[PDB]
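Read in the deposited numbering, the sequence shown has 136 at position 136, and its numbers run on one by one without any break.
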Amino acid sequence: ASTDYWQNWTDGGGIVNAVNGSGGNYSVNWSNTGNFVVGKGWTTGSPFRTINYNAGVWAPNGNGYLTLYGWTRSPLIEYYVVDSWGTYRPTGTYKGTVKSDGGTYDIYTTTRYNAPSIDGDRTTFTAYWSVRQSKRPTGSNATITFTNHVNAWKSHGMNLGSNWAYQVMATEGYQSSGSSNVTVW
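Below, the structure is given as structure tokens:
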């Protein structure tokens, strides 16, 4: 599927060279950054979408996530499906696990306090996470059957908002350096 959304946010820290490539391809080179999120996907997320991607390059030199990323409003919720990471594996309050697309994921919830949100400014909100137990190999055609995660989260009282915002396969970094090249469809 053709992606119609390009995500390129940074808090202004360090160097973030985000390249909007052809089709669903994009690349990022970052150095000594603050927090940033870059990726390609869809303007309107869907709980039934099946995301395909191929990370030709995944080379974080510190804290960085290769993850499905999106938001919902009413209520405001930030969500993640993390397939790979750098030096730090993200975790939070353990809820359970879900098997999907050949891997096993731990389900977590966290709360972000006075954090920047999709609407700008800062606020307190909840984040839903599915984090692979081990890093998914990169350079191959990978699939994320999002409906499996949505359904697993629901079973743990983790319900998403009614207003869907963007949904992208992103590269998120935090006070680190690295490189990534990903193709989404």
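Where is the CB? At the ideal position from N, CA and C, for every residue including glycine.
Three-state secondary structure (DSSP) at residue i?
{"i": "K40", "result": "strand"}
{"i": "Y69", "result": "strand"}
{"i": "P116", "result": "strand"}
{"i": "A1", "result": "coil"}
{"i": "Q167", "result": "strand"}
{"i": "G14", "result": "coil"}
{"i": "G21", "result": "coil"}
{"i": "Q175", "result": "coil"}
Is it the case that the Cβ atoms of residue i and residue j are separated by a distance below 8 Å?
{"i": "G45", "j": "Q175", "result": "no"}
{"i": "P75", "j": "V82", "result": "no"}
{"i": "residue 186", "j": "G139", "result": "Nothing about residue 186 can be reported from this structure: the residues present for the chain run from 1 to 185 only."}
{"i": "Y128", "j": "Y79", "result": "yes"}
{"i": "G70", "j": "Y166", "result": "yes"}
{"i": "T111", "j": "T123", "result": "no"}
{"i": "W85", "j": "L66", "result": "yes"}
{"i": "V28", "j": "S179", "result": "yes"}
{"i": "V98", "j": "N32", "result": "no"}
{"i": "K40", "j": "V150", "result": "no"}
{"i": "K95", "j": "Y108", "result": "yes"}
{"i": "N17", "j": "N141", "result": "no"}
{"i": "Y88", "j": "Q133", "result": "no"}
8 Å is my cut-off, CB to CB: does residue i come that close to chain C?
{"i": "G70", "result": "The structure shown contains no chain C, having only a single protein chain."}
Kindly examine the ligand ATP and report whether one of its heavy atoms sits closer than 7 Å to the Cβ of residue i.
{"i": "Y166", "result": "In the structure on display, the ligand ATP does not appear, and there are no ligands present to speak of."}
Since residue i is in the beta strand (DSSP E), which residue starts that stretch and which ends it?
{"i": "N54", "result": "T50 to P60"}
{"i": "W185", "result": "Unbroken run through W185: none, as it is neither H nor E."}
{"i": "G96", "result": "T93 to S100"}
{"i": "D83", "result": "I77 to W85"}
{"i": "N25", "result": "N25 to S31"}
Using the C-alpha atoms, what's the distance from residue j back to residue i?
{"i": "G102", "j": "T183", "result": "20 Å"}
{"i": "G62", "j": "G173", "result": "8 Å"}
{"i": "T50", "j": "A170", "result": "15 Å"}
{"i": "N181", "j": "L68", "result": "15 Å"}
{"i": "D11", "j": "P47", "result": "28 Å"}
{"i": "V57", "j": "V19", "result": "14 Å"}
{"i": "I15", "j": "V131", "result": "27 Å"}
{"i": "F36", "j": "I77", "result": "18 Å"}
{"i": "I118", "j": "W153", "result": "21 Å"}
{"i": "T93", "j": "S155", "result": "15 Å"}
{"i": "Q7", "j": "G120", "result": "14 Å"}
Could you tell me the boundaries of the alpha helix (DSSP H) in which residue i lies?
{"i": "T147", "result": "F146 to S155"}
Take residue i and list the residues in its own chain whose beta-carbon comes closer than 7 Å to its own, dropping the five residues that flank it on each side.
{"i": "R73", "result": "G161, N163 and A165"}
{"i": "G21", "result": "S27"}
{"i": "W9", "result": "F36 and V37"}
Identify, in the order they occur along the chain, each residue of the same chain with its Cβ nearer than 6 Å to the Cβ of residue i, setting aside the five sequence neighbours on each side.
{"i": "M158", "result": "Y128"}
{"i": "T143", "result": "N52 and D101"}
{"i": "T3", "result": "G24, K40, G41 and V184"}
{"i": "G64", "result": "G86, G173, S176 and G178"}
{"i": "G13", "result": "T33 and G34"}
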